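Some notes on the structure that comes next.
When we count neighbours, we look across all protein chains shown, and the Cβ atoms used for this are built from the backbone with ideal geometry, even at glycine. Only the coordinates and a few stated rules stand behind these numbers; no lab work does.
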Amino acid sequence: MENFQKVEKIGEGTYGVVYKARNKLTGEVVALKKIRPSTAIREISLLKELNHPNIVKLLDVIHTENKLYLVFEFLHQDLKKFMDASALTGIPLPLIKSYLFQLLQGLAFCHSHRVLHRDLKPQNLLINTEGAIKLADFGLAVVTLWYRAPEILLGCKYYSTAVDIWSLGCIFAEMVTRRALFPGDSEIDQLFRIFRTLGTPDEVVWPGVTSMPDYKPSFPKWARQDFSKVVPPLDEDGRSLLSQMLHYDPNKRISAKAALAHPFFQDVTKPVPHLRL
Ligand SMILES: NC(=O)c1sc(Nc2ccc(S(N)(=O)=O)cc2)nc1N
């Protein structure tokens, strides 16, 4: 792209590299993703018409010389950087609530249009100075496993919208405690960290779990811990919501739409964050 003057590399995912760039003609600043099929582009072309206030806007899709570039509206900072910047004091609850609420709206929208994110993590949740937060880097049909739903880790071949609720629940907990909920460093360690905290799933809480591709009758049997210890600073409404976002059975896991009606959001507002850019 000679049409842009890459200002700096701002990120890197499994789908490619993203740069902060300036359109040397219009002068606009954007996020340019260099990716590297028709089912792909056709799939992407859907994403362009996927416009919502809590979804990073995909501006242009460019296919040239064996290269695929995606131009996105540029957002100020990602949630991982913001959480780190807020580690000494923690993000204030009203702001945590606002962000969670907006992200659920974004997911509710995606899911109603049959689009799944599949790889939600603090690094692809972007925020601006006006208090908004948006979903970025939608995943298409050293990697972080911390936000991966248990059914994915157990070999499910068909993801459901529930995997996004799980990831968001993990992010919610992390914003509240200032510590990753399940910081695994391998698929099995990830799986076992979830088990040690939520209890090893069985047929009672998760019908069908013992018949999953990577399930092993030999998994250790850990008892479930209390949420009071898992996310202590969270009030009971928040813990109630989190528990529903972290149900083992994808079918019992709360939907984005239902989560939006949870009492936790009765007093939701939209604070502005203190961003250091
Ligand atoms: N991937 C995307 O679509 C992106 S990434 C992005 N900007 C951005 C700005 C600052 C930071 S950081 N690490 O907090 O300084 C991270 C990301 N905007 C879009 N649309």
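Quick rundown of the values:
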read-out: For peptides 265-276, 19-30, sequence by mean Cβ density within 10 Å, most packed first; value: 19-30, 265-276
read-out: Virtual spin-label span in nm between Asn251 and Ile188, 7 Å along Cα→Cβ; value: 3.0
read-out: Cβ-defined net charge surrounding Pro220, 13 Å radius [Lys, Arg +1; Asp, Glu -1]; value: +2
read-out: Label-point separation, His113 to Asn66 (7 Å along Cα→Cβ), nm; value: 3.3
read-out: Cross-link table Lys121/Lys257; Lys121/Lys157; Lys97/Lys229; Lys81/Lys252, entries beyond 25 Å C-alpha to C-alpha; value: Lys81/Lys252
read-out: Residue exposure sequence - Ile41, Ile10 - by fewest surrounding Cβ within 10 Å; value: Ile41, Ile10
read-out: Calculated FRET efficiency for the pair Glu49/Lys216, C-beta based, R₀ 45 Å, to 0.05; value: 0.55
read-out: Sum of -39500 (n - 2.57) over DSSP H runs of 4+, divided by residues of the chain (222 nm, nearest 500); value: -9500 deg cm²/dmol
read-out: Förster radius 22 Å - calculated FRET efficiency between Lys81 and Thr26, Cβ distance, rounded to 0.05; value: 0.20
read-out: Shape category assigned to the stretch 187-270 from the gyration tensor of Cα positions, a/c cut at 1.5; value: prolate
read-out: Qualifying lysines (Cα of each under 20 Å from Cα of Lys48; at least 8 residues distant if same chain); value: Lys20, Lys33, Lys34, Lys57, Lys67, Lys134
read-out: Ranked list, fewest to most other Cβ atoms within 10 Å of each Cβ, for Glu130, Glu151; value: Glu130, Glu151
read-out: Sequence-distant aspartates and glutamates (8 or more away, or on other chains) whose Cα lies within less than 20 Å of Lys216; value: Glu151, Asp185, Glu187, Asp189, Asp202, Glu203, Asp249
read-out: Inter-label distance for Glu73 and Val205, nm, one decimal - labels placed 7 Å from Cα along Cα-to-Cβ; value: 4.0
